[PDB]
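Visitor: Can you read through this structure? Questions will come right after.
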Amino acid sequence: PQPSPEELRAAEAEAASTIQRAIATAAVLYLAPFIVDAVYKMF
Amino acid sequence: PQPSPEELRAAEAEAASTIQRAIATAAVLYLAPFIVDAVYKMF
Amino acid sequence: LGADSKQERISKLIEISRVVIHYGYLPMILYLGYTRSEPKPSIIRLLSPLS
Amino acid sequence: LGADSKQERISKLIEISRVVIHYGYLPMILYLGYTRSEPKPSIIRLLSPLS
Amino acid sequence: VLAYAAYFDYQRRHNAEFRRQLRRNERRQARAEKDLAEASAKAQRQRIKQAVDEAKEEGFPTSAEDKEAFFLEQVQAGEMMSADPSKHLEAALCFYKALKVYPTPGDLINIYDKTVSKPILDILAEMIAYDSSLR
Amino acid sequence: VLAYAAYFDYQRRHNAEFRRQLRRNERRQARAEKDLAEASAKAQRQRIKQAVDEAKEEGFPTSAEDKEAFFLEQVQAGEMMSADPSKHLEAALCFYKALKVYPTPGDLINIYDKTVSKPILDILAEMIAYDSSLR
Amino acid sequence: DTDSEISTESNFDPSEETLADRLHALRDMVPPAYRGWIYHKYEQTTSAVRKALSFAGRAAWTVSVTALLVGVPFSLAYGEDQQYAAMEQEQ
Amino acid sequence: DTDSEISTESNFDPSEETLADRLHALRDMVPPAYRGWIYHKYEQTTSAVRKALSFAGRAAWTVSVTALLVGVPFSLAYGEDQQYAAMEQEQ
Amino acid sequence: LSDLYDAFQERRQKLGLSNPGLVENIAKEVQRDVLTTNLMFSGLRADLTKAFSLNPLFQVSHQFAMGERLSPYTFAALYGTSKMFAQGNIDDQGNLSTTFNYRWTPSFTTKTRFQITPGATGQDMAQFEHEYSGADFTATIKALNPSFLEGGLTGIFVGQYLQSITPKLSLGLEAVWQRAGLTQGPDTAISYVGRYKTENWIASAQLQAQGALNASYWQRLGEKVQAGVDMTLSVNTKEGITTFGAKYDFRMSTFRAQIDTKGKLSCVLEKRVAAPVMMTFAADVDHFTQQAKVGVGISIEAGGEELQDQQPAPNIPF
Amino acid sequence: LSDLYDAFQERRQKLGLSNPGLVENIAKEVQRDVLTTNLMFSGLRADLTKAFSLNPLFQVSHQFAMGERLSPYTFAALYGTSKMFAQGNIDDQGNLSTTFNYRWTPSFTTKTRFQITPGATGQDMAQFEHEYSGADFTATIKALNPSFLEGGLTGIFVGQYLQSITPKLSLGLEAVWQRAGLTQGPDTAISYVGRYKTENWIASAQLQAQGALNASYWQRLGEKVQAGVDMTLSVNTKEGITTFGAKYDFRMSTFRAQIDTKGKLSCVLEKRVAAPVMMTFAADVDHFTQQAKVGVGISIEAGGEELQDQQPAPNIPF
Amino acid sequence: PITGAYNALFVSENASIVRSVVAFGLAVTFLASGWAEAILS
Amino acid sequence: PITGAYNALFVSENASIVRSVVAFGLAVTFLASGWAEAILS
Ligand SMILES: C[C@@H]1CC[C@@]2(OC1)O[C@H]1C[C@H]3[C@@H]4CC=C5C[C@@H](OCCC(CO)CO)CC[C@]5(C)[C@H]4CC[C@]3(C)[C@H]1[C@@H]2C
Ligand SMILES: C[C@@H]1CC[C@@]2(OC1)O[C@H]1C[C@H]3[C@@H]4CC=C5C[C@@H](OCCC(CO)CO)CC[C@]5(C)[C@H]4CC[C@]3(C)[C@H]1[C@@H]2C
Ligand SMILES: C[C@@H]1CC[C@@]2(OC1)O[C@H]1C[C@H]3[C@@H]4CC=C5C[C@@H](OCCC(CO)CO)CC[C@]5(C)[C@H]4CC[C@]3(C)[C@H]1[C@@H]2C
Ligand SMILES: C[C@@H]1CC[C@@]2(OC1)O[C@H]1C[C@H]3[C@@H]4CC=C5C[C@@H](OCCC(CO)CO)CC[C@]5(C)[C@H]4CC[C@]3(C)[C@H]1[C@@H]2C
Ligand SMILES: C[C@@H]1CC[C@@]2(OC1)O[C@H]1C[C@H]3[C@@H]4CC=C5C[C@@H](OCCC(CO)CO)CC[C@]5(C)[C@H]4CC[C@]3(C)[C@H]1[C@@H]2C
């Protein structure tokens, strides 16, 4: 069936939040090698 | 439709007569080369 | 002309002959070859494709 | 948001752009090659498969 | 051309008689185009009517085996003709011949309505309307 | 063995009690074989009856689009099951489900009678006889 | 087709015409009978040319595939034969 | 199953038996319950063996086609490569 | 009396005629040696042949195939001798085709063929054939499924005759008799054939009384190239097809190509990629539908090494 | 501020990382260099390629084909330069596929693709792609049929990121955003990928949040042989397939073969029968159905003689 | 001219017979005239 | 033994997953163990 407008607004917010969490992970990846460097220097 | 018995007898006779005429031609073929030889000797 | 019982028996003969040829014809050819070939191949080699 | 007349005009632009690319894209590539190749091939040879 | 077009436009804009002469010719042509369309439809309608009449003269099989074979042949013929846009009339006749032989034409019509193209259905629909004997 | 067979044959031919003992055992076995056959048919009949009952619990679609999709799916399922001799019961159920959804079951039965194999038709025929609600 | 009916368009004006109307007037310049008959021939001419191009294209494909399908195996078979002739001649 | 019903076969004779009946009597020697149960296992055993032969045959075909389909092009490609290695080594 | 028979035979011998061969071969040079019809196939094919002897001939063959109407597997074995030849081939489905030819006399041959189909019913057939090969003629009679079980002669019967008229011209005759069921009348058909043969070219024709006509022409184009053309006409509707083709004999490969009036093009390339291996590539292009069928195959013979000393037995009745 | 940016960049440079390449290539060594999936075909195929220059690259190509989902004819032409690359190919039916990549910066690339379908309606598409290639990472964004005509963003959008963690380990991310129609809610999917790369072997994986998993392993078996194995799992039902294959690099031919858990076997043989001609034979055997698809093809390049002096332009953005 | 030839060559009940026969006529001439040996070899 | 393995290997909802995973396990070992280099080259 066709969705209601508030359900659409709920989906639109959820989807945006998912991609925002993805870009947050991407930023971690861009910063990840320096973290891995520390591990070799921790021992 | 299915054939009548006299029509079958007519077909059986016709078919036999055809093959008998064939064997008559075959006999001519077996005898044919001597006829062709005469033609070369007719001139 | 022909007796119905005779036709049944004759038809049975064809069926029996059919079964024998179906099963026995190929083994017969191999037997003729295997026993008459020059030289005689090994039983394993007799039906090996390329070994 | 967007005017219906504007959407009609914009959609028409896509249709026109679609037609141009359909007919003009391949001749454009040959023109770039034919005019910029080193050396310049013959017009007959320019599309000959193997001659 | 532009000088003539400007004079033509000026005359058309300011001279009502110039428009009237042109409009009369335009109106006359509009009439001819309508009359031409009507003549073509009536002639086409006659071919559709003729096709049903032609099928009546050829007759239909009466035996179940011949009816089934004829039905399948007409369906096969209809599908084969349906691929040719010049045979829409011929395709509808084959569907009509099969439909007339099928025991439940109403059920077969629903199949044709879904499997047969509308241009053939349009001819076939008129064939059905012309053959008031179709059950 | 031959000596025993000759004695067995001699006893069977000349001793009526020897035949009676054997015949009683033979008659007893004939009874058991009939009883075994009857039990299998009734159990099979229950599965056929069960299959129609199972279809009733699952229900059938009501909308035309769902009915058409379900009909095609059941026909497709029936044909797919018809290839497996172990699914004759399952194939008949699919043909039964489609037949129950088809608007003119009588016409579809004539199609099944020609397109479906008799072993499935035999089960399907009993399914039809069990489902007295089939039109 | 009555003079009184046509008389309804008694008045006209150059400024009253819309840009689309002035552009549409350009098509009105051509006689409708001639333009309709010319357009018909245009359709017939375009269809005939397209049929010709399809036939010419279909023909070139047929000859092209024929030469490849027959010439390719042949050129290799004939070519390979020539090598044996060359090697045998060196003996 | 009544002694009076079975008593109907009161009299029998060796000569009265037909050749077919005497031959059929041979099958009667085997107990029907056992022979019926043995025949059932015979059917199950013959079906299982035929399934095994079909599987073994289908397997041999699969391995045979696999070795040919992969080994044949490979043997030629590998073989042709070896010729170039031989000709190059002669330099 | 022998007096006339001897004089007749002597007068016959002085004409210098020769045996024209089987009727079915009057077009062999075209229908099999030039046209691709007998070699075309689709999909993959592989023949593993093991030869165990050459005199007597004895070989075992495994054919693997995956394509249109090709059986996944076929086992074949054959045995041959100067006086006899027996062959059998069986499909994975048990369809068994057999052949048995025996020479009762160097001029007389009996040919027996069988085709057995198991539980699934495909009609099984029996074909008995008798051939005579005189010094200047050939006679043949066939009996396919001959039966008298119904109290009357049934089955299919064929009579064939071919006569050499001159050292180059051959004329023949064909007669058919059929009766699928005693309840229906027998059907008979006659066909006339002829051939003119020379060293460089051969022309043949086969005219059915029904109206169908098959004619072919073959000509040698040098030591390595030969080509032929075949025309077939049918009047069952009126239909006719003409096929033109050529064959090339290179040292290590044979190339065949043909085209016909129906727009079909086909080629077959057989190449000896190795001493025991022969490759085959076949392609058929239908220009009216633009569809092509590709066939790739291989043949392997591995028994030659021991077999080198021997020599094939002569005149095996293949 | 640049003070930190410079220090950050310097600290970044000292790690010795390198560009890991496009996300779609983390399995290239397996999915294209070893497995046959990208080379399999059926029927006949013939490519007639004419090269007119190497710098700038310019070549015209004619493809003839007759087989399953193969267009009877396809004309293709392409032009390339160190800064740009334009390609177009058109089917006999007018279906036109195009590509246009331009280097705005050596580290930035724009990729445009079109697919036009004439009077018959097959959806026509437009794909815009932007790629960035840093010293140690790659970023990518795609927009397929992007439209705002309905007053809201529509079409398909893809974001891709791949980061080199160590000189051998690469980790990445994938994000999808979709909205086929404004009347329905947008759908988004994320996929995680990673790769560990060494000189002798490379292992990669692609895990969808939906549950599907694609993993592959590649290893070199000497100078002329390499093989790899690919596993794919789906949980849409639970399904999985594992493919094992190897590739041989002879002097004049390359042979590829693979087998998978579904019983399929396929092989591809490419052989340089001549300097301009390359043959291809492809066969796919489905052991569960015993059916085989055969493909035979040829490629011809005839422009080299004049072209010998020149040299291909470097880093053409293919 | 063509009307009297095209009808019997492309739009008649025997068009296939004539086309097959005509094709045969050319092939035989092409072979017998020696052109094939000068062309195919 | 086999009953606890065959069920999870040939007659389960995930039989295809296990079969694909197991096949992958062998292939990787076959490559990494060096046997492939000793066999395929
Ligand atoms: C188990 C089943 C039977 C066997 C089989 O699997 C299935 O096993 C494979 C082994 C293959 C052969 C191995 C090596 C060669 C030598 C090569 O090189 C010639 C070079 C030339 C130089 O002058 C002469 O020496 C020619 C081909 C040949 C014979 C192969 C043929 C195909 C064969 C027989 C395959 C066959 C299908
Ligand atoms: C059953 C049907 C009967 C017709 C037919 O089968 C079908 O039977 C053949 C009879 C043939 C002709 C017979 C003789 C000659 C003389 C010869 O002369 C060469 C020179 C030579 C003698 O002078 C000295 O070298 C040229 C050819 C020609 C005309 C034949 C043409 C083909 C014909 C018509 C054949 C045709 C196919
Ligand atoms: C997104 C998902 C994350 C996991 C994954 O992608 C998917 O990402 C990779 C991480 C890899 C491991 C990382 C490091 C090592 C150490 C190395 O040690 C060799 C000796 C060397 C260092 O001491 C000195 O020469 C052996 C291999 C191993 C264990 C890898 C195994 C494969 C793994 C698990 C790969 C796996 C496919
Ligand atoms: C029944 C059908 C009717 C049509 C047809 O048969 C079939 O009728 C046949 C007549 C044939 C020609 C007869 C003679 C020659 C002369 C020869 O040249 C060397 C002659 C030599 C004399 O000394 C030096 O001049 C070359 C061949 C050629 C032209 C024949 C070609 C094929 C033709 C046209 C045949 C054609 C197909
Ligand atoms: C996630 C899935 C679970 C199952 C699985 O991954 C996928 O888990 C992995 C463990 C791997 C083994 C690890 C180490 C070795 C030792 C090496 O020998 C040289 C060692 C050297 C030390 O100095 C000299 O001894 C040869 C290869 C081998 C046996 C691997 C084979 C593949 C295995 C079994 C993989 C298997 C497929």
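Chain identifiers are assigned as A, B, and so on, following the order in which chains appear in the structure tokens; residues are numbered from 1 within each chain, and ligands are numbered from 1 in order of appearance.
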Name all residues at most 8 Å from region 41-48 of chain C (count only C-alpha atoms; drop same-chain ones fewer than 6 positions away) and give them as number ranges by chain.

Guide: C: 34; I: 50, 52, 60

Visitor: Would you list the contacts of residue 94 (chain E) as a list in words, taking every protein, DNA or RNA residue within 7 Å and counting only C-alpha atoms, but skipping same-chain residues closer than 4 positions in sequence?

Guide: residues 74, 75, 77, 78, 90 and 98 of chain E

Visitor: Write out as a PyMOL selection string each polymer residue (protein, DNA or RNA) that has an atom no more than 8 Å from ligand 2, with only C-alpha atoms and all ligand atoms counted.

Guide: chain I and resi 169-172+192-196+203-207+215

Visitor: Rounded to one decimal place, report the CA of residue 34 (chain G)-CA of residue 36 (chain E) distance in Å.

Guide: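 For CA of residue 34 (chain G) relative to CA of residue 36 (chain E), the distance reads 15.6 Å.
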
Visitor: Show me which residues are within 8 Å of ligand 4 counting only C-alpha atoms and all ligand atoms, and format the list as a list in words.

Guide: residues 21, 24, 25, 26, 27, 28, 29, 30, 31, 32, 33 and 34 of chain K

Visitor: Select the residues contacting ligand 1 at a distance of at most 12 Å, based on only C-alpha atoms and all ligand atoms, then format the selection as a ChimeraX atom specification.

Guide: /C:47-51 /H:60-84,86 /I:45-50,61-64,272-279,297-303

Visitor: Emit the selected residues as a PDB file, in the first residue's frame, including C-alpha atoms.

Guide:
```pdb
ATOM      1  CA  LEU C  47      37.625 -51.251 -22.521  1.00  0.00           C
ATOM      2  CA  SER C  48      40.017 -48.548 -21.516  1.00  0.00           C
ATOM      3  CA  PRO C  49      39.401 -45.370 -23.506  1.00  0.00           C
ATOM      4  CA  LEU C  50      43.025 -44.216 -23.749  1.00  0.00           C
ATOM      5  CA  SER C  51      45.142 -45.901 -21.044  1.00  0.00           C
TER       6      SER C  51
ATOM      7  CA  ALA H  60      32.080 -41.097 -14.523  1.00  0.00           C
ATOM      8  CA  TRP H  61      30.593 -38.930 -17.251  1.00  0.00           C
ATOM      9  CA  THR H  62      31.116 -35.783 -15.176  1.00  0.00           C
ATOM     10  CA  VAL H  63      34.773 -36.565 -14.491  1.00  0.00           C
ATOM     11  CA  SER H  64      35.343 -37.675 -18.083  1.00  0.00           C
ATOM     12  CA  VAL H  65      33.880 -34.489 -19.562  1.00  0.00           C
ATOM     13  CA  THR H  66      35.745 -32.342 -17.046  1.00  0.00           C
ATOM     14  CA  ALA H  67      39.113 -33.858 -17.893  1.00  0.00           C
ATOM     15  CA  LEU H  68      38.475 -33.493 -21.614  1.00  0.00           C
ATOM     16  CA  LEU H  69      36.994 -29.999 -21.532  1.00  0.00           C
ATOM     17  CA  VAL H  70      39.866 -28.671 -19.417  1.00  0.00           C
ATOM     18  CA  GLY H  71      42.696 -31.012 -20.342  1.00  0.00           C
ATOM     19  CA  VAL H  72      42.272 -30.824 -24.112  1.00  0.00           C
ATOM     20  CA  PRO H  73      42.688 -27.048 -24.565  1.00  0.00           C
ATOM     21  CA  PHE H  74      45.363 -27.073 -21.883  1.00  0.00           C
ATOM     22  CA  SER H  75      47.384 -29.854 -23.475  1.00  0.00           C
ATOM     23  CA  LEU H  76      47.401 -27.978 -26.770  1.00  0.00           C
ATOM     24  CA  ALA H  77      48.181 -24.622 -25.205  1.00  0.00           C
ATOM     25  CA  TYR H  78      50.857 -26.108 -22.970  1.00  0.00           C
ATOM     26  CA  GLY H  79      52.188 -28.188 -25.846  1.00  0.00           C
ATOM     27  CA  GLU H  80      52.388 -25.230 -28.205  1.00  0.00           C
ATOM     28  CA  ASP H  81      54.215 -23.260 -25.529  1.00  0.00           C
ATOM     29  CA  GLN H  82      56.812 -26.022 -25.275  1.00  0.00           C
ATOM     30  CA  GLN H  83      57.594 -25.789 -28.994  1.00  0.00           C
ATOM     31  CA  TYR H  84      58.479 -22.114 -28.679  1.00  0.00           C
ATOM     32  CA  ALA H  86      62.423 -25.617 -27.806  1.00  0.00           C
TER      33      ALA H  86
ATOM     34  CA  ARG I  45      31.385 -33.406 -29.079  1.00  0.00           C
ATOM     35  CA  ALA I  46      34.246 -35.741 -28.152  1.00  0.00           C
ATOM     36  CA  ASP I  47      35.119 -39.170 -29.571  1.00  0.00           C
ATOM     37  CA  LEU I  48      37.587 -41.406 -27.751  1.00  0.00           C
ATOM     38  CA  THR I  49      38.403 -44.255 -30.118  1.00  0.00           C
ATOM     39  CA  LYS I  50      40.650 -47.183 -29.217  1.00  0.00           C
ATOM     40  CA  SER I  61      34.579 -45.937 -29.208  1.00  0.00           C
ATOM     41  CA  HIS I  62      33.254 -43.528 -26.580  1.00  0.00           C
ATOM     42  CA  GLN I  63      31.338 -40.460 -27.726  1.00  0.00           C
ATOM     43  CA  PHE I  64      30.525 -37.652 -25.287  1.00  0.00           C
ATOM     44  CA  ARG I 272      44.818 -32.248 -37.350  1.00  0.00           C
ATOM     45  CA  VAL I 273      46.163 -30.399 -34.326  1.00  0.00           C
ATOM     46  CA  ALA I 274      48.128 -33.547 -33.462  1.00  0.00           C
ATOM     47  CA  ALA I 275      48.810 -37.010 -34.795  1.00  0.00           C
ATOM     48  CA  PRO I 276      45.911 -38.682 -32.897  1.00  0.00           C
ATOM     49  CA  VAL I 277      43.711 -35.600 -32.452  1.00  0.00           C
ATOM     50  CA  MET I 278      41.475 -34.023 -35.076  1.00  0.00           C
ATOM     51  CA  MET I 279      39.479 -30.882 -34.361  1.00  0.00           C
ATOM     52  CA  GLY I 297      34.520 -31.412 -31.477  1.00  0.00           C
ATOM     53  CA  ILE I 298      37.469 -33.739 -31.142  1.00  0.00           C
ATOM     54  CA  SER I 299      38.388 -37.285 -32.176  1.00  0.00           C
ATOM     55  CA  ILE I 300      41.124 -39.273 -30.456  1.00  0.00           C
ATOM     56  CA  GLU I 301      42.695 -42.529 -31.665  1.00  0.00           C
ATOM     57  CA  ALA I 302      45.245 -44.086 -29.333  1.00  0.00           C
ATOM     58  CA  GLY I 303      45.797 -47.666 -30.509  1.00  0.00           C
TER      59      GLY I 303
END
```

Visitor: If the cut-off is 10 Å, can you tell me the residues of chain J near chain D, counting only C-alpha atoms? I'd like them as a ChimeraX atom specification.

Guide: /J:47-62,75-80,85-90,94-98,114-118,124,148-152,300-303,306-307,310

Visitor: Tell me as a PyMOL selection string which residues belonging to chain F come within 8 Å of chain H, counting only C-alpha atoms.

Guide: chain F and resi 10+13-14+16+20+23-24+26-29

Visitor: List the spatial neighbours of residue 15 (chain A) as a VMD selection string - criterion: any atom at most 12 Å away, only C-alpha atoms, same-chain residues fewer than 6 positions off excluded.

Guide: (chain A and resid 8 to 9 21 to 22) or (chain J and resid 175 to 179 185 to 190)

Visitor: Please identify the strand (DSSP E) residues within region 10-244 of chain I (assignment by DSSP from backbone atoms) and present them as number ranges by chain.

Guide: I: 43-54, 57-66, 73-81, 84-91, 96-105, 108-116, 125-133, 137-147, 154-164, 169-179, 187-197, 201-208, 213-220, 225-234, 239-244

Visitor: What's the separation between CA of residue 36 (chain B) and CA of residue 17 (chain I), in Å to one decimal place?

Guide: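 Atom-to-atom, CA of residue 36 (chain B) and CA of residue 17 (chain I) are spaced 12.4 Å apart.
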
Visitor: Output the coordinates of chain K after least-squares fitting to chain L on all in-order C-alpha pairs, as a short mmCIF file (atom, residue, chain, number, x, y, z; two decimals) with N, CA, C and O atoms, in the first residue's frame.

Guide:
```cif
data_model
loop_
_atom_site.label_atom_id
_atom_site.label_comp_id
_atom_site.auth_asym_id
_atom_site.auth_seq_id
_atom_site.Cartn_x
_atom_site.Cartn_y
_atom_site.Cartn_z
N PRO K 1 27.33 -39.83 14.06
CA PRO K 1 28.31 -38.92 13.46
C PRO K 1 27.81 -38.30 12.16
O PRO K 1 27.57 -37.10 12.11
N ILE K 2 27.65 -39.14 11.14
CA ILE K 2 27.19 -38.66 9.83
C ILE K 2 25.83 -38.00 9.96
O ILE K 2 25.56 -36.97 9.33
N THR K 3 24.95 -38.58 10.79
CA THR K 3 23.62 -38.00 10.98
C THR K 3 23.72 -36.56 11.48
O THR K 3 22.94 -35.70 11.07
N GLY K 4 24.67 -36.29 12.37
CA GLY K 4 24.84 -34.93 12.85
C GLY K 4 25.56 -34.02 11.89
O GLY K 4 25.56 -32.80 12.08
N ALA K 5 26.18 -34.59 10.85
CA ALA K 5 26.88 -33.85 9.82
C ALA K 5 26.11 -33.78 8.51
O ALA K 5 26.02 -32.70 7.91
N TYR K 6 25.52 -34.90 8.08
CA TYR K 6 24.77 -34.92 6.82
C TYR K 6 23.58 -33.98 6.87
O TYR K 6 23.28 -33.30 5.88
N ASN K 7 22.88 -33.93 8.00
CA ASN K 7 21.72 -33.05 8.12
C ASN K 7 22.13 -31.60 7.89
O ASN K 7 21.49 -30.88 7.11
N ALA K 8 23.20 -31.15 8.55
CA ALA K 8 23.68 -29.80 8.36
C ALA K 8 24.41 -29.62 7.04
O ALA K 8 24.76 -28.48 6.69
N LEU K 9 24.66 -30.70 6.29
CA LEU K 9 25.41 -30.62 5.05
C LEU K 9 24.57 -30.85 3.80
O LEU K 9 24.94 -30.36 2.73
N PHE K 10 23.46 -31.57 3.89
CA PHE K 10 22.67 -31.83 2.68
C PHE K 10 21.17 -31.66 2.82
O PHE K 10 20.49 -31.57 1.80
N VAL K 11 20.61 -31.60 4.03
CA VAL K 11 19.17 -31.49 4.17
C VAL K 11 18.80 -30.45 5.22
O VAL K 11 18.07 -30.73 6.18
N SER K 12 19.30 -29.23 5.04
CA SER K 12 18.98 -28.14 5.95
C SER K 12 18.78 -26.86 5.16
O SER K 12 19.19 -26.75 4.00
N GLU K 13 18.11 -25.90 5.80
CA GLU K 13 17.83 -24.62 5.15
C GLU K 13 19.11 -23.90 4.75
O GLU K 13 19.10 -23.11 3.79
N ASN K 14 20.21 -24.15 5.45
CA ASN K 14 21.49 -23.51 5.18
C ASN K 14 22.48 -24.45 4.51
O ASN K 14 23.67 -24.15 4.48
N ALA K 15 22.00 -25.59 4.00
CA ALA K 15 22.90 -26.56 3.37
C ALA K 15 23.75 -25.90 2.29
O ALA K 15 24.94 -26.19 2.17
N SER K 16 23.15 -25.00 1.51
CA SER K 16 23.92 -24.33 0.47
C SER K 16 24.97 -23.40 1.06
O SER K 16 26.05 -23.25 0.48
N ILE K 17 24.68 -22.76 2.19
CA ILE K 17 25.67 -21.90 2.82
C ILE K 17 26.84 -22.72 3.34
O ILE K 17 28.01 -22.39 3.11
N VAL K 18 26.55 -23.82 4.03
CA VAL K 18 27.61 -24.65 4.58
C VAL K 18 28.46 -25.24 3.46
O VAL K 18 29.69 -25.24 3.53
N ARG K 19 27.81 -25.73 2.40
CA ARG K 19 28.55 -26.32 1.29
C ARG K 19 29.45 -25.29 0.63
O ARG K 19 30.60 -25.59 0.29
N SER K 20 28.96 -24.07 0.45
CA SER K 20 29.79 -23.02 -0.14
C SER K 20 30.93 -22.65 0.79
O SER K 20 32.07 -22.44 0.34
N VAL K 21 30.66 -22.56 2.09
CA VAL K 21 31.71 -22.19 3.04
C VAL K 21 32.75 -23.30 3.14
O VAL K 21 33.96 -23.03 3.16
N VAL K 22 32.31 -24.55 3.20
CA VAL K 22 33.27 -25.65 3.31
C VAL K 22 34.15 -25.70 2.08
O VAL K 22 35.38 -25.84 2.18
N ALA K 23 33.56 -25.55 0.89
CA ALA K 23 34.34 -25.56 -0.33
C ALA K 23 35.38 -24.46 -0.31
O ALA K 23 36.52 -24.64 -0.76
N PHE K 24 35.01 -23.30 0.23
CA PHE K 24 35.96 -22.20 0.35
C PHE K 24 37.10 -22.57 1.28
O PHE K 24 38.27 -22.28 0.99
N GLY K 25 36.80 -23.22 2.40
CA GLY K 25 37.85 -23.62 3.32
C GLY K 25 38.90 -24.51 2.70
O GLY K 25 40.10 -24.34 2.94
N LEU K 26 38.48 -25.47 1.87
CA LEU K 26 39.46 -26.34 1.22
C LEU K 26 40.31 -25.58 0.22
O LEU K 26 41.54 -25.69 0.22
N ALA K 27 39.66 -24.79 -0.64
CA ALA K 27 40.39 -24.06 -1.67
C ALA K 27 41.48 -23.18 -1.08
O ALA K 27 42.61 -23.17 -1.56
N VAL K 28 41.16 -22.43 -0.02
CA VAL K 28 42.17 -21.57 0.58
C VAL K 28 43.32 -22.40 1.11
O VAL K 28 44.49 -22.06 0.92
N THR K 29 43.02 -23.51 1.78
CA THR K 29 44.10 -24.35 2.28
C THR K 29 44.90 -24.92 1.13
O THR K 29 46.14 -24.94 1.17
N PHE K 30 44.22 -25.37 0.07
CA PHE K 30 44.89 -25.93 -1.08
C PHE K 30 45.86 -24.93 -1.70
O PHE K 30 46.95 -25.31 -2.15
N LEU K 31 45.49 -23.66 -1.74
CA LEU K 31 46.38 -22.65 -2.29
C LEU K 31 47.51 -22.33 -1.32
O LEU K 31 48.69 -22.42 -1.67
N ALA K 32 47.16 -21.94 -0.10
CA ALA K 32 48.15 -21.47 0.86
C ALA K 32 49.15 -22.55 1.25
O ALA K 32 50.31 -22.24 1.55
N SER K 33 48.74 -23.82 1.26
CA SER K 33 49.65 -24.87 1.69
C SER K 33 50.77 -25.15 0.71
O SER K 33 51.64 -25.97 1.00
N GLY K 34 50.77 -24.53 -0.47
CA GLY K 34 51.82 -24.77 -1.42
C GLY K 34 51.59 -25.99 -2.28
O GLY K 34 52.35 -26.22 -3.22
N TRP K 35 50.56 -26.78 -1.98
CA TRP K 35 50.26 -27.95 -2.80
C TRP K 35 49.90 -27.55 -4.22
O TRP K 35 50.28 -28.23 -5.17
N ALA K 36 49.17 -26.45 -4.37
CA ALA K 36 48.78 -26.03 -5.71
C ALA K 36 50.00 -25.73 -6.57
O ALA K 36 50.05 -26.13 -7.74
N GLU K 37 51.01 -25.06 -6.01
CA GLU K 37 52.21 -24.79 -6.79
C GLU K 37 52.91 -26.08 -7.16
O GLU K 37 53.50 -26.18 -8.24
N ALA K 38 52.85 -27.07 -6.28
CA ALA K 38 53.45 -28.36 -6.54
C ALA K 38 52.59 -29.20 -7.47
O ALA K 38 53.07 -30.22 -7.98
N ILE K 39 51.34 -28.82 -7.70
CA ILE K 39 50.42 -29.59 -8.52
C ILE K 39 50.07 -28.86 -9.81
O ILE K 39 50.10 -29.46 -10.89
N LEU K 40 49.75 -27.57 -9.74
CA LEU K 40 49.33 -26.85 -10.93
C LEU K 40 50.48 -26.26 -11.74
O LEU K 40 50.23 -25.63 -12.76
N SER K 41 51.72 -26.43 -11.31
CA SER K 41 52.81 -25.84 -12.07
C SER K 41 53.98 -26.81 -12.20
O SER K 41 54.50 -27.03 -13.29
#
```

Visitor: Could you please determine the separation between atom 29 (C, counted along the ligand's line) of ligand 5 and CA of residue 37 (chain J) in Å, to one decimal place?

Guide: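 Computing the Euclidean distance for atom 29 (C, counted along the ligand's line) of ligand 5 and CA of residue 37 (chain J) yields 28.4 Å.
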